[PDB]
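Note: ideal-geometry Cβ built from the backbone for every residue, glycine included; neighbour counts use all protein chains shown. Any read-out appearing in this document is the output of simple, stated calculations on the displayed coordinates, not a laboratory observation.
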Amino acid sequence: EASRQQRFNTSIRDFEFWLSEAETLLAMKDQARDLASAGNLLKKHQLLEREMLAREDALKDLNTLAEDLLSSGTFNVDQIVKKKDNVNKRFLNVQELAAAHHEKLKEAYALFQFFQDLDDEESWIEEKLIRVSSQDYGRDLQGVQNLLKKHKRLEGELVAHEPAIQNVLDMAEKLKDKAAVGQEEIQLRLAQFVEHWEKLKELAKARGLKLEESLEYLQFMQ
């Protein structure tokens, strides 16, 4: 049952609160300090993106209501004008900045995920370098057959990692722009990561060939 003036005031208060929340989110652009915090901010940006067109539509009706109040001889003309124009200016500012801020946060989340993937894959290569660093090629036929069964399991666990390793080298190319990746400590880690990956591949290939040569030898020498 509210009057036009009461509905206008309630709508303005509702928009002011929504705008203040969106302005706070835009002011949190540089608070993405880890994956979880970037993720929290991305969820807020997804809600803002989803609500934008509905708020734009509601603002059109709020503007129509304000103009209806102004044309009907209301007492608080200046108060209505200031409330309406302030909400419209603040909405345009949110609308014009939101997508850029959202994109910067998607880049921050991607950078944090890249650093987690680099850490993980460095450890994975290091563990495989221990596994492959064997000079046991078998002393008898059953022995070399056991070693070849294990070496094929290593080659099976390995072949499927080329894309996980390439995802680190590609995401380093996609995020080659940002400073944190360009830092000399990260550029060294990426060169060493490639050095250890190729060394792991050089060792696995070489060991497999030695194991096949050993099986052939031990089959004649049994």
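Here is a yes/no grid of residues against (1) without any contact (Cβ under 8 Å) to a residue 24 or more places away in the chain; (2) over 21 Å from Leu19 (Cα atoms); (3) part of a helix (DSSP H, G or I):
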| residue | (1), (2), (3) |
| --- | --- |
| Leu53 | yes, no, yes |
| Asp57 | yes, no, yes |
| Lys60 | yes, no, yes |
| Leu70 | yes, yes, yes |
| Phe75 | yes, yes, no |
| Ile80 | no, no, yes |
| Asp85 | yes, no, yes |
| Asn88 | no, no, yes |
Residue count, segment 80-99, condition loosely packed, with under 13 Cβ neighbours inside 10 Å and either touching a helix residue (DSSP H, G or I) at 6+ places or on another chain (Cβ under 7 Å) or not aliphatic (A, V, I, L, M) (or both), comes to 4
Please tell me if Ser11 is among the hydroxyl-bearing types (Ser, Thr, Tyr), assigned to a helix (DSSP H, G or I) and buried (at least 18 other Cβ atoms within 10 Å of the Cβ). yes
For segment 17-76, which positions are over 15 Å from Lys89 (Cα atoms) and either among the polar types (S, T, N, Q) or touching a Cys at 6+ places or on another chain (Cβ under 9 Å) (or both)? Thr24, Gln31, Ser37, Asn40, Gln46, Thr64, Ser71, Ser72, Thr74, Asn76
Tell me which of these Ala38 doesn't satisfy, since it passes every other one: (1) surrounded by fewer than 14 Cβ atoms within 10 Å (Cβ to Cβ); (2) under 27 Å from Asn167 (Cβ atoms). (1)
Which condition number in (1) within 26 Å of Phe112 (Cβ to Cβ); (2) of a type in the set (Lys, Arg); (3) in contact (Cβ under 8 Å) with a residue 12 or more places away in the chain; (4) loosely packed, with under 14 Cβ neighbours inside 10 Å is the one that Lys43 fails? (3)
Give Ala2, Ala32, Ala54 a once-over and let me know the one that is out of contact with any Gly (no Cβ under 7 Å at 6 or more places or on another chain), among the small types (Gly, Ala, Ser) and within 26 Å of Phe112 (Cβ to Cβ). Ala32
